[PDB]
């Protein structure tokens, strides 16, 4: 496990350009019935676009919300189908997880997502090698809100503001049944407080200067 050398060899990154006043909000495990729509509303009222790493199985349950994300100028990423620990699966299962999810999202969003994020951040080198060869890009994160723990909006905000830099990729969740209300509320503080420091919010394809589609 050498994640550092992997950024030099594969399409793989934790954060973005240090010389741009830009950060990226990302949200994992969507879509869902409660948190995803709330997040969309708050992103809308702050005039920011974000990136959504959607689970294939959740996209099947709520297909229209996937359509809403795309219709509101946000970028969709591939978060596998059923959220398994990729470090424990064989190549066939890994490729199946990605491709099945890609087909689902392509049908709903109108394009095949270029961006992948592995569940728990677990990825193997051969998996990363295949993704690179298939014209994917894998992006982890550099600021973890640990919002799944049910921590408050103030805790998340102080965390994000204390650890965010130019190029920072922030991790939040919109998992069905998750304890994430404070994470949603955190956006009302995180966004303007970062903007005050000169930060602008961008999508991943913008941050990494590539297409959103494969």
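Numbering follows the first chain given and starts at 1.
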query: Between 47 to 55 and 181 to 189 (mean CA B-factor, as deposited), the higher; finding: 181 to 189
query: Of 193 to 201 and 15 to 23, the one with larger mean CA B-factor; finding: 193 to 201
query: Highest-ranked of 82, 140, 126, 78 once sorted by CA temperature factor in the record; finding: 126
query: C-alpha B-factor winner, where the candidates are 172, 159, 168, 36; finding: 159
query: Ranked against its chain, the third holding the CA B-factor of residue 121; finding: lowest
query: Record-listed C-alpha B factor of residue 97: chain third; finding: middle
query: Residue 135, C-alpha B-factor rank within chain (lowest, middle or highest third); finding: highest
